[PDB]
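Visitor: My structure is in input_12.tsv, and what it holds is TSV, C-alpha atoms and all ligand atoms:
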```tsv
chain	number	residue	atom	x	y	z
A	220	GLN	CA	0.00	0.00	0.00
A	221	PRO	CA	1.18	3.61	-0.66
A	222	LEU	CA	2.34	5.84	2.23
A	223	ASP	CA	0.74	9.15	3.32
A	224	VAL	CA	3.12	11.18	5.48
A	225	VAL	CA	2.42	14.29	7.53
A	226	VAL	CA	5.55	16.21	8.56
A	227	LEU	CA	5.19	18.05	11.88
A	228	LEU	CA	7.74	20.86	12.09
A	229	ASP	CA	8.35	22.73	15.38
A	230	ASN	CA	9.09	26.40	14.55
A	231	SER	CA	8.88	27.69	18.09
A	232	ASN	CA	11.23	30.43	19.45
A	233	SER	CA	13.32	27.77	21.23
A	234	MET	CA	14.20	26.57	17.71
A	235	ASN	CA	15.92	29.90	16.78
A	236	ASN	CA	19.39	29.04	15.38
A	237	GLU	CA	21.23	31.04	18.11
A	238	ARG	CA	19.61	29.03	21.00
A	239	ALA	CA	21.52	26.43	23.02
A	240	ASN	CA	24.88	27.98	22.10
A	241	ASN	CA	24.19	28.09	18.31
A	242	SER	CA	22.79	24.56	18.07
A	243	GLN	CA	21.14	25.68	14.75
A	244	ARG	CA	17.89	23.99	15.66
A	245	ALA	CA	15.67	25.45	12.92
A	246	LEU	CA	18.21	25.17	10.10
A	247	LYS	CA	18.85	21.53	11.01
A	248	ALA	CA	15.14	20.76	11.44
A	249	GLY	CA	14.38	22.30	8.04
A	250	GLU	CA	17.14	20.24	6.40
A	251	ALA	CA	15.92	17.04	7.97
A	252	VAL	CA	12.41	17.77	6.60
A	253	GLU	CA	13.85	18.46	3.10
A	254	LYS	CA	15.58	15.05	3.28
A	255	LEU	CA	12.44	13.29	4.45
A	256	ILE	CA	10.26	14.81	1.74
A	257	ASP	CA	12.78	13.84	-1.00
A	258	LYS	CA	13.02	10.32	0.42
A	259	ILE	CA	9.23	9.75	0.66
A	260	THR	CA	8.40	11.25	-2.72
A	261	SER	CA	11.05	9.17	-4.53
A	262	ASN	CA	8.22	6.68	-4.84
A	263	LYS	CA	5.64	8.58	-6.97
A	264	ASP	CA	2.67	6.92	-5.20
A	265	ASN	CA	3.35	8.36	-1.75
A	266	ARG	CA	1.85	11.60	-0.50
A	267	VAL	CA	3.30	14.31	1.78
A	268	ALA	CA	1.91	17.19	3.78
A	269	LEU	CA	3.56	19.68	6.11
A	270	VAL	CA	2.33	21.16	9.34
A	271	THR	CA	4.67	23.82	10.72
A	272	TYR	CA	3.71	25.06	14.17
A	273	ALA	CA	4.49	27.07	17.17
A	274	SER	CA	1.77	28.77	19.32
A	275	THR	CA	-0.47	27.83	16.44
A	276	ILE	CA	-0.40	26.32	12.98
A	277	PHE	CA	1.73	28.49	10.67
A	278	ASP	CA	-0.53	28.42	7.66
A	279	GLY	CA	-0.83	32.12	6.77
A	280	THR	CA	-4.03	32.78	8.74
A	281	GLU	CA	-4.58	35.35	11.43
A	282	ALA	CA	-4.13	34.11	15.00
A	283	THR	CA	-4.46	35.60	18.52
A	284	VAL	CA	-2.56	34.75	21.69
A	285	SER	CA	-2.65	36.08	25.25
A	286	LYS	CA	0.39	37.52	26.99
A	287	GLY	CA	1.41	39.34	30.13
A	288	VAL	CA	1.21	38.99	33.89
A	289	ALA	CA	-1.65	39.90	36.27
A	290	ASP	CA	-2.42	41.48	39.58
A	291	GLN	CA	-3.66	39.58	42.66
A	292	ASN	CA	-7.18	39.43	41.18
A	293	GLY	CA	-6.17	37.97	37.79
A	294	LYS	CA	-6.45	41.37	36.04
A	295	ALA	CA	-3.96	41.30	33.21
A	296	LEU	CA	-1.08	43.65	32.32
A	297	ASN	CA	2.05	43.59	30.17
A	298	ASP	CA	5.16	44.64	32.16
A	299	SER	CA	7.57	44.53	29.15
A	300	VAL	CA	9.58	47.68	28.37
A	301	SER	CA	8.60	47.27	24.71
A	302	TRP	CA	4.78	47.09	24.97
A	303	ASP	CA	1.97	49.20	26.41
A	304	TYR	CA	0.57	47.59	29.57
A	305	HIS	CA	-2.86	47.02	27.89
A	306	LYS	CA	-1.18	44.72	25.33
A	307	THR	CA	-2.37	41.45	26.87
A	308	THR	CA	-3.36	39.83	23.59
A	309	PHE	CA	-1.60	39.93	20.23
A	310	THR	CA	-3.19	39.37	16.85
A	311	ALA	CA	-1.18	38.78	13.66
A	312	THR	CA	-0.91	37.00	10.34
A	313	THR	CA	1.30	33.90	10.59
A	314	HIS	CA	3.89	32.90	8.02
A	315	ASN	CA	2.56	30.22	5.64
A	316	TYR	CA	5.06	27.53	6.43
A	317	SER	CA	2.51	24.74	5.87
A	318	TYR	CA	1.18	22.48	3.12
A	319	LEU	CA	-2.06	21.08	4.49
A	320	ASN	CA	-3.13	18.74	1.67
A	321	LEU	CA	-1.50	15.36	1.22
A	322	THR	CA	0.09	15.45	-2.20
A	323	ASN	CA	2.18	13.53	-4.80
A	324	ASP	CA	1.93	16.24	-7.43
A	325	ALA	CA	5.54	17.21	-8.15
A	326	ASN	CA	4.81	20.93	-8.46
A	327	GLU	CA	2.85	20.88	-5.18
A	328	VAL	CA	5.75	19.03	-3.55
A	329	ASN	CA	7.94	21.96	-4.70
A	330	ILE	CA	5.53	24.44	-3.07
A	331	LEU	CA	5.72	22.44	0.20
A	332	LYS	CA	9.53	22.44	0.17
A	333	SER	CA	9.63	26.24	-0.61
A	334	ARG	CA	7.56	26.78	2.54
A	335	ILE	CA	10.05	24.98	4.85
A	336	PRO	CA	11.52	27.63	7.19
A	337	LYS	CA	15.24	27.44	8.14
A	338	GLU	CA	14.95	29.94	10.98
A	339	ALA	CA	12.59	30.78	13.89
A	340	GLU	CA	11.65	34.21	15.45
A	341	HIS	CA	14.10	36.34	17.43
A	342	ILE	CA	13.25	38.47	20.48
A	343	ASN	CA	14.94	41.33	18.51
A	344	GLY	CA	13.56	40.47	15.00
A	345	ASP	CA	9.79	40.55	14.44
A	346	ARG	CA	8.66	41.20	18.08
A	347	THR	CA	5.02	40.73	17.16
A	348	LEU	CA	5.45	37.23	15.62
A	349	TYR	CA	7.86	36.36	18.40
A	350	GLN	CA	4.68	36.39	20.57
A	351	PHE	CA	3.36	33.41	18.52
A	352	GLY	CA	6.51	31.37	19.24
A	353	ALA	CA	5.30	28.97	21.99
A	354	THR	CA	5.48	25.15	21.48
A	355	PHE	CA	1.83	24.08	21.17
A	356	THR	CA	2.64	20.50	20.18
A	357	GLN	CA	-0.84	19.21	21.09
A	358	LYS	CA	-2.52	21.48	18.55
A	359	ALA	CA	-0.06	20.45	15.83
A	360	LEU	CA	-0.66	16.73	16.56
A	361	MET	CA	-4.39	17.38	16.26
A	362	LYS	CA	-3.88	19.01	12.87
A	363	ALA	CA	-1.62	16.17	11.57
A	364	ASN	CA	-4.24	13.65	12.72
A	365	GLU	CA	-7.10	15.62	11.21
A	366	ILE	CA	-5.29	15.64	7.82
A	367	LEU	CA	-4.77	11.83	7.90
A	368	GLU	CA	-8.31	11.02	9.12
A	369	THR	CA	-9.85	13.47	6.64
A	370	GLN	CA	-7.70	12.77	3.58
A	371	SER	CA	-6.26	9.26	3.89
A	372	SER	CA	-8.02	5.92	4.58
A	373	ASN	CA	-7.67	2.63	6.51
A	374	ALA	CA	-6.16	0.90	3.44
A	375	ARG	CA	-3.23	3.35	3.10
A	376	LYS	CA	-0.10	3.43	5.26
A	377	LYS	CA	0.10	6.62	7.35
A	378	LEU	CA	3.07	8.30	9.06
A	379	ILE	CA	3.53	11.34	11.27
A	380	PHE	CA	7.15	12.51	11.22
A	381	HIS	CA	7.69	15.10	13.95
A	382	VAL	CA	10.78	17.26	14.17
A	383	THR	CA	11.20	19.26	17.36
A	384	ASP	CA	13.46	20.01	20.32
A	385	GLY	CA	10.87	18.19	22.48
A	386	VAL	CA	9.71	20.89	24.91
A	387	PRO	CA	6.02	21.74	24.72
A	388	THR	CA	5.06	24.92	26.53
A	389	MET	CA	1.36	25.25	25.66
A	390	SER	CA	-1.47	22.72	25.87
A	391	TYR	CA	-5.22	22.30	25.89
A	392	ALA	CA	-6.92	22.15	29.33
A	393	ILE	CA	-8.25	18.88	30.79
A	394	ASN	CA	-11.95	19.51	31.55
A	395	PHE	CA	-12.05	18.98	35.30
A	396	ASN	CA	-15.36	19.75	37.01
A	397	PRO	CA	-14.92	22.02	40.02
A	398	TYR	CA	-18.59	21.87	40.96
A	399	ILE	CA	-19.03	18.25	41.92
A	400	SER	CA	-17.76	16.42	45.02
A	401	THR	CA	-15.88	13.72	43.02
A	402	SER	CA	-12.16	14.32	43.75
A	403	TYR	CA	-10.01	15.53	40.87
A	404	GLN	CA	-8.05	12.24	41.03
A	405	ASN	CA	-11.25	10.22	40.60
A	406	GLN	CA	-12.34	12.63	37.82
A	407	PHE	CA	-9.01	12.11	36.03
A	408	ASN	CA	-9.27	8.34	36.46
A	409	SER	CA	-12.76	8.40	34.86
A	410	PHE	CA	-11.31	10.22	31.83
A	411	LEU	CA	-8.63	7.49	31.55
A	412	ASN	CA	-11.30	4.77	31.89
A	413	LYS	CA	-12.59	5.80	28.47
A	414	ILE	CA	-9.42	4.61	26.59
A	415	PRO	CA	-8.92	0.77	26.34
A	416	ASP	CA	-5.39	0.87	27.87
A	417	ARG	CA	-6.12	3.84	30.27
A	418	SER	CA	-3.03	5.77	28.99
A	419	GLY	CA	-4.88	8.83	27.58
A	420	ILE	CA	-7.89	11.11	27.60
A	421	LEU	CA	-10.38	11.62	24.79
A	422	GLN	CA	-10.68	14.97	22.98
A	423	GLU	CA	-14.19	15.39	24.44
A	424	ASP	CA	-12.69	15.78	27.95
A	425	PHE	CA	-10.37	18.59	26.84
A	426	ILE	CA	-11.59	22.22	26.63
A	427	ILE	CA	-11.43	22.81	22.94
A	428	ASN	CA	-14.61	24.77	22.14
A	429	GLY	CA	-13.28	28.37	22.32
A	430	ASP	CA	-10.66	30.61	20.72
A	431	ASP	CA	-7.23	29.43	21.86
A	432	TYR	CA	-6.24	32.74	23.51
A	433	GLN	CA	-9.04	32.39	26.00
A	434	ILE	CA	-8.89	28.65	26.82
A	435	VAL	CA	-5.31	27.40	26.41
A	436	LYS	CA	-2.77	26.61	29.18
A	437	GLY	CA	0.70	28.12	29.03
A	438	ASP	CA	2.05	30.99	26.91
A	439	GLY	CA	5.48	29.63	25.91
A	440	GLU	CA	7.09	30.66	29.23
A	441	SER	CA	7.82	27.08	30.41
A	442	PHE	CA	7.40	23.33	30.10
A	443	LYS	CA	6.16	23.60	33.71
A	444	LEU	CA	2.96	25.00	35.14
A	445	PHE	CA	3.67	27.03	38.28
A	446	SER	CA	2.79	26.03	41.83
A	447	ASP	CA	3.96	29.42	43.12
A	448	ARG	CA	1.67	31.92	41.39
A	449	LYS	CA	3.78	34.98	42.35
A	450	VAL	CA	6.29	36.36	39.85
A	451	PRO	CA	9.69	36.65	41.55
A	452	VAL	CA	12.32	39.33	40.95
A	453	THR	CA	14.82	37.87	38.50
A	454	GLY	CA	17.37	35.58	40.24
A	455	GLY	CA	15.70	36.22	43.59
A	456	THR	CA	13.25	35.20	46.27
A	457	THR	CA	11.01	38.23	46.55
A	458	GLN	CA	7.83	38.97	44.57
A	459	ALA	CA	8.12	41.50	41.72
A	460	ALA	CA	5.88	44.53	41.47
A	461	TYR	CA	4.86	47.09	38.84
A	462	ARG	CA	5.35	50.66	40.04
A	463	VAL	CA	2.50	52.75	38.65
A	464	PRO	CA	3.58	56.22	37.42
A	465	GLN	CA	2.04	59.47	38.82
A	466	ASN	CA	0.47	60.44	35.47
A	467	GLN	CA	-0.80	56.80	35.18
A	468	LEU	CA	-2.10	56.37	38.75
A	469	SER	CA	-5.78	57.34	38.43
A	470	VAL	CA	-6.46	55.51	35.12
A	471	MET	CA	-5.17	52.24	36.60
A	472	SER	CA	-7.36	52.66	39.74
A	473	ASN	CA	-10.34	53.49	37.49
A	474	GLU	CA	-9.54	50.33	35.48
A	475	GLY	CA	-9.61	48.23	38.70
A	476	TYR	CA	-6.05	47.06	39.32
A	477	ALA	CA	-5.03	46.14	42.84
A	478	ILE	CA	-2.65	48.98	43.72
A	479	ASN	CA	-0.98	49.04	47.12
A	480	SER	CA	0.74	52.43	47.51
A	481	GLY	CA	1.27	52.52	44.56
A	482	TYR	CA	2.50	49.07	43.36
A	483	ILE	CA	0.67	46.29	41.50
A	484	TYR	CA	2.17	43.04	42.81
A	485	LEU	CA	2.62	40.62	39.91
A	486	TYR	CA	1.30	37.07	39.44
A	487	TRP	CA	1.56	34.70	36.52
A	488	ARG	CA	-1.73	34.73	34.61
A	489	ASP	CA	-3.82	31.74	35.78
A	490	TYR	CA	-3.36	29.77	32.57
A	491	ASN	CA	0.25	29.30	33.77
A	492	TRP	CA	-0.74	27.82	37.16
A	493	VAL	CA	-0.78	24.23	38.36
A	494	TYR	CA	-4.37	23.14	37.83
A	495	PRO	CA	-7.16	22.29	38.40
A	496	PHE	CA	-8.02	24.94	41.01
A	497	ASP	CA	-11.44	26.12	42.30
A	498	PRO	CA	-12.37	28.98	40.03
A	499	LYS	CA	-14.07	30.90	42.89
A	500	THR	CA	-11.73	30.38	45.84
A	501	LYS	CA	-8.58	29.58	43.77
A	502	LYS	CA	-7.73	26.60	46.07
A	503	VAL	CA	-5.46	24.31	44.04
A	504	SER	CA	-6.47	20.64	43.72
A	505	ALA	CA	-5.59	18.54	46.77
A	506	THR	CA	-5.51	15.40	44.64
A	507	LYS	CA	-4.64	15.15	40.93
A	508	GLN	CA	-2.42	18.03	39.68
A	509	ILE	CA	-1.31	18.81	36.13
A	510	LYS	CA	2.20	20.35	36.44
A	511	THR	CA	3.61	20.29	32.89
A	512	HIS	CA	2.51	20.69	29.26
A	513	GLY	CA	4.05	17.31	28.45
A	514	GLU	CA	1.51	15.36	30.41
A	515	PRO	CA	-1.69	16.73	28.89
A	516	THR	CA	-0.06	16.43	25.47
A	517	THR	CA	0.91	12.72	26.02
A	518	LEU	CA	-2.56	11.94	27.34
A	519	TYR	CA	-4.10	13.55	24.30
A	520	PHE	CA	-1.67	11.65	22.05
A	521	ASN	CA	-2.41	8.33	23.75
A	522	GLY	CA	-6.16	8.92	23.78
A	523	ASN	CA	-6.73	10.14	20.23
A	524	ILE	CA	-3.66	9.45	18.04
A	525	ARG	CA	-1.95	6.19	19.10
A	526	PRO	CA	-5.19	4.16	18.79
A	527	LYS	CA	-5.43	5.12	15.04
A	528	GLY	CA	-2.78	2.44	14.56
A	529	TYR	CA	-0.38	4.36	12.34
A	530	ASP	CA	3.28	5.28	12.79
A	531	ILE	CA	4.66	8.27	14.63
A	532	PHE	CA	8.37	9.00	14.42
A	533	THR	CA	9.95	11.81	16.44
A	534	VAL	CA	13.31	13.44	15.59
A	535	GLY	CA	15.05	15.39	18.35
A	536	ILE	CA	17.06	18.44	17.48
A	537	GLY	CA	19.69	19.91	19.84
A	538	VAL	CA	17.83	18.56	22.88
A	539	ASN	CA	18.38	20.29	26.25
A	540	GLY	CA	14.92	21.10	27.73
A	541	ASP	CA	14.69	24.86	26.98
A	542	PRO	CA	12.57	26.27	28.64
A	543	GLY	CA	11.96	24.63	32.08
A	544	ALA	CA	12.52	20.97	31.32
A	545	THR	CA	15.62	18.86	31.77
A	546	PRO	CA	17.20	17.10	28.80
A	547	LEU	CA	15.71	13.77	30.03
A	548	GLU	CA	12.19	15.14	30.43
A	549	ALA	CA	12.35	16.31	26.80
A	550	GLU	CA	13.52	12.84	25.54
A	551	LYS	CA	10.98	10.97	27.62
A	552	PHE	CA	8.31	13.36	26.31
A	553	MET	CA	9.34	12.77	22.71
A	554	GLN	CA	9.44	9.01	23.27
A	555	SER	CA	6.01	9.32	24.95
A	556	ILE	CA	4.51	10.73	21.70
A	557	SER	CA	6.16	8.30	19.26
A	558	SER	CA	4.89	4.88	18.18
A	559	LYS	CA	7.52	3.15	20.33
A	560	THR	CA	10.70	3.87	22.28
A	561	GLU	CA	12.98	3.38	19.23
A	562	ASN	CA	10.85	5.67	17.05
A	563	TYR	CA	12.33	8.56	18.92
A	564	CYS	CA	15.75	9.28	17.33
A	565	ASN	CA	18.18	12.11	17.86
A	566	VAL	CA	18.79	13.72	14.49
A	567	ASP	CA	22.49	12.86	15.03
A	568	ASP	CA	21.48	9.25	15.41
A	569	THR	CA	21.28	8.50	11.68
A	570	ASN	CA	21.28	4.76	12.26
A	571	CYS	CA	18.10	5.09	14.33
A	572	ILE	CA	16.43	7.17	11.56
A	573	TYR	CA	17.58	4.92	8.68
A	574	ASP	CA	16.43	1.82	10.57
A	575	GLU	CA	12.88	3.07	11.20
A	576	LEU	CA	12.31	4.42	7.64
A	577	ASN	CA	13.81	1.36	5.92
A	578	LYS	CA	10.52	-0.61	6.26
A	579	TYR	CA	8.84	1.71	3.70
A	580	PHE	CA	11.67	2.46	1.29
A	601	MG	MG	9.90	25.52	21.53
```
Would you write the structure of this file as structure tokens?
Guide:
Amino acid sequence: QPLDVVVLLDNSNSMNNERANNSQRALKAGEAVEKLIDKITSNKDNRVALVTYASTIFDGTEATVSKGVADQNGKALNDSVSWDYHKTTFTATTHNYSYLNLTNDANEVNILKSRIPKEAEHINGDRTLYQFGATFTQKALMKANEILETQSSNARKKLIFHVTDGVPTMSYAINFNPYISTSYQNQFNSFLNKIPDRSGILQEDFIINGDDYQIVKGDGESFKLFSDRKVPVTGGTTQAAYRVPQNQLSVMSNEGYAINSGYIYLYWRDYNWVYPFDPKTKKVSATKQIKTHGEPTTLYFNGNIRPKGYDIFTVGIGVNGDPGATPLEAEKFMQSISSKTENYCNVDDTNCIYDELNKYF
């Protein structure tokens, strides 16, 4: 049977070529993709598609994300020196780095390959698109799956080939119910009960029905969700604050910020917090706690992708855990969202990559 392949390409900010002491993540990821496309399409029956992602799918559409910190009541502000404090969402047109239709047309293949980026955003380049540079792996997996389920069939061979540094920093929320007495652990367990092997959670028990910027967890800050909700002063122990200027003082009060003579003490916005937590009292869960983006992503993978019975190969590029994970956490995560242990390969591990692909070619 012919092979339909979706390439998943991580174009998050962590992939910028300067990162990890010039590890050239994006350049190397783009080259690996070029090589995979050429290899797959050598057989004229096979189809390819490309899903490049970061905070969202980079397909040339407009997207919105939330940014900033918040006061003690969850009221949002941006404390950056380069943005107005009201700038707590950003809206922009993404690069079209995707080819979203499986194809074996040679001219279409050429379009796909022309759309392969070799660089990611820089904090000093496009500062607007830099805001769309989180690692929302879950969303990209959902798009790759949607493509295969929509456009392939049970009789064709299907592959997801995912190239990334392995550190997701955004995820969809697990739909815990704060209003029943069932403990969060028992709620989580009931979600697991729905998958034959209990290793995942179905899409229906994620919060998906809303625009991303209002429902998603994480903003690219970290692999981790934060147990301490207070923003600390850099390198320190003490909570940071936003001094409100004289000229600015009355407008901020009017707006409703918590100002204590005359400082707004800063908290991570609540989509960065360990959850679930009671939405009224803010009491964190005393049982099950989600503490990374890796876990909800793996659960989604295992609930909704792995059962489809096709192959998922993950290729690690310059792997160190940036931001907020260790190198091992990143590997384990990548292995967690591959068909099996040996379908995670470092890009440097050419033997691993040759061996897995050999079956098809
Ligand atoms: Mg990243």
Visitor: Skipping near chain neighbours, those fewer than 6 positions away, what residues fall within 10 Å of range 309-311 of chain A using all atoms listed in the file, listed as JSON, numbers by chain?
Guide: {"A": [279, 280, 281, 282, 283, 284, 285, 286, 347, 348, 350, 351, 432]}
Visitor: Determine the nearest neighbour of ligand MG 601 (chain A) from the options A:539, A:394, A:220, A:422, counting all atoms listed in the file.
Guide: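 Residue with the minimum atom-to-atom distance to ligand MG 601 (chain A): A:539.
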Visitor: Using only C-alpha atoms and all ligand atoms, find each protein or nucleic acid residue lying at most 12 Å from ligand MG 601 (chain A); present the set as a PyMOL selection string.
Guide: chain A and resi 228-236+238-239+244-245+272-275+339-340+349+351-356+382-389+438-442+512+535-544+549
Visitor: Determine the nearest neighbour of residue 423 in chain A from the options A:321, A:493, A:269, A:392, counting all atoms listed in the file.
Guide: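 Result for the nearest residue to residue 423 in chain A: A:392.
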Visitor: How far is it from CA of residue 452 in chain A to CA of residue 288 in chain A, in Å with one decimal?
Guide: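 Result for CA of residue 452 in chain A versus CA of residue 288 in chain A: 13.2 Å, one decimal.
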Visitor: CA of residue 462 in chain A and CA of residue 292 in chain A are how many Å apart?
Guide: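 That distance, rounded to one decimal, is 16.9 Å.
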Visitor: Pick from A:433, A:390, A:412, A:312: nearest to residue 509 in chain A, with all atoms listed in the file counted?
Guide: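 For residue 509 in chain A, the nearest of the given residues is A:390.
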Visitor: My list of candidates is A:434, A:459, A:421, A:367. Which is closest to residue 528 in chain A when distances are computed with all atoms listed in the file?
Guide: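 Comparing A:434, A:459, A:421, A:367 against residue 528 in chain A, the winner is A:367.
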Visitor: Mind filling out range 402-415 of chain A with N, CA, C and O atoms and sending it as a PDB file, keeping the file's coordinate frame?
Guide:
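Result written to rebuild_19.pdb:
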```pdb
ATOM      1  N   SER A 402     -13.526  13.775  43.697  1.00  0.00           N
ATOM      2  CA  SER A 402     -12.160  14.320  43.750  1.00  0.00           C
ATOM      3  C   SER A 402     -11.588  14.465  42.340  1.00  0.00           C
ATOM      4  O   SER A 402     -11.953  13.724  41.434  1.00  0.00           O
ATOM      5  N   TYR A 403     -10.650  15.393  42.170  1.00  0.00           N
ATOM      6  CA  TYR A 403     -10.010  15.530  40.870  1.00  0.00           C
ATOM      7  C   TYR A 403      -9.293  14.236  40.437  1.00  0.00           C
ATOM      8  O   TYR A 403      -9.319  13.888  39.254  1.00  0.00           O
ATOM      9  N   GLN A 404      -8.683  13.515  41.386  1.00  0.00           N
ATOM     10  CA  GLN A 404      -8.050  12.240  41.030  1.00  0.00           C
ATOM     11  C   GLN A 404      -9.068  11.244  40.461  1.00  0.00           C
ATOM     12  O   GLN A 404      -8.830  10.632  39.422  1.00  0.00           O
ATOM     13  N   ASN A 405     -10.213  11.096  41.124  1.00  0.00           N
ATOM     14  CA  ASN A 405     -11.250  10.220  40.600  1.00  0.00           C
ATOM     15  C   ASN A 405     -11.822  10.743  39.276  1.00  0.00           C
ATOM     16  O   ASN A 405     -12.213   9.962  38.421  1.00  0.00           O
ATOM     17  N   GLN A 406     -11.867  12.066  39.096  1.00  0.00           N
ATOM     18  CA  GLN A 406     -12.340  12.630  37.820  1.00  0.00           C
ATOM     19  C   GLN A 406     -11.357  12.258  36.714  1.00  0.00           C
ATOM     20  O   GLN A 406     -11.745  11.812  35.649  1.00  0.00           O
ATOM     21  N   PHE A 407     -10.079  12.386  37.007  1.00  0.00           N
ATOM     22  CA  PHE A 407      -9.010  12.110  36.030  1.00  0.00           C
ATOM     23  C   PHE A 407      -9.060  10.639  35.623  1.00  0.00           C
ATOM     24  O   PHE A 407      -9.141  10.292  34.425  1.00  0.00           O
ATOM     25  N   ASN A 408      -9.046   9.781  36.637  1.00  0.00           N
ATOM     26  CA  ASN A 408      -9.270   8.340  36.460  1.00  0.00           C
ATOM     27  C   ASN A 408     -10.480   7.972  35.601  1.00  0.00           C
ATOM     28  O   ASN A 408     -10.369   7.057  34.784  1.00  0.00           O
ATOM     29  N   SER A 409     -11.616   8.669  35.753  1.00  0.00           N
ATOM     30  CA  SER A 409     -12.760   8.400  34.860  1.00  0.00           C
ATOM     31  C   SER A 409     -12.494   8.813  33.416  1.00  0.00           C
ATOM     32  O   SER A 409     -13.031   8.182  32.488  1.00  0.00           O
ATOM     33  N   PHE A 410     -11.701   9.864  33.198  1.00  0.00           N
ATOM     34  CA  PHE A 410     -11.310  10.220  31.830  1.00  0.00           C
ATOM     35  C   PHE A 410     -10.466   9.072  31.230  1.00  0.00           C
ATOM     36  O   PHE A 410     -10.699   8.646  30.114  1.00  0.00           O
ATOM     37  N   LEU A 411      -9.490   8.579  31.996  1.00  0.00           N
ATOM     38  CA  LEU A 411      -8.630   7.490  31.550  1.00  0.00           C
ATOM     39  C   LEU A 411      -9.433   6.226  31.241  1.00  0.00           C
ATOM     40  O   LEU A 411      -9.068   5.483  30.335  1.00  0.00           O
ATOM     41  N   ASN A 412     -10.521   5.998  31.999  1.00  0.00           N
ATOM     42  CA  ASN A 412     -11.300   4.770  31.890  1.00  0.00           C
ATOM     43  C   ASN A 412     -11.883   4.633  30.506  1.00  0.00           C
ATOM     44  O   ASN A 412     -12.170   3.522  30.058  1.00  0.00           O
ATOM     45  N   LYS A 413     -11.974   5.765  29.791  1.00  0.00           N
ATOM     46  CA  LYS A 413     -12.590   5.800  28.470  1.00  0.00           C
ATOM     47  C   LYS A 413     -11.688   5.258  27.335  1.00  0.00           C
ATOM     48  O   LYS A 413     -12.197   4.923  26.274  1.00  0.00           O
ATOM     49  N   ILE A 414     -10.376   5.172  27.568  1.00  0.00           N
ATOM     50  CA  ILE A 414      -9.420   4.610  26.590  1.00  0.00           C
ATOM     51  C   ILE A 414      -9.132   3.147  27.010  1.00  0.00           C
ATOM     52  O   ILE A 414      -8.898   2.901  28.198  1.00  0.00           O
ATOM     53  N   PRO A 415      -9.165   2.201  26.043  1.00  0.00           N
ATOM     54  CA  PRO A 415      -8.920   0.770  26.340  1.00  0.00           C
ATOM     55  C   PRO A 415      -7.745   0.551  27.298  1.00  0.00           C
ATOM     56  O   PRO A 415      -7.946  -0.072  28.351  1.00  0.00           O
TER      57      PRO A 415
END
```
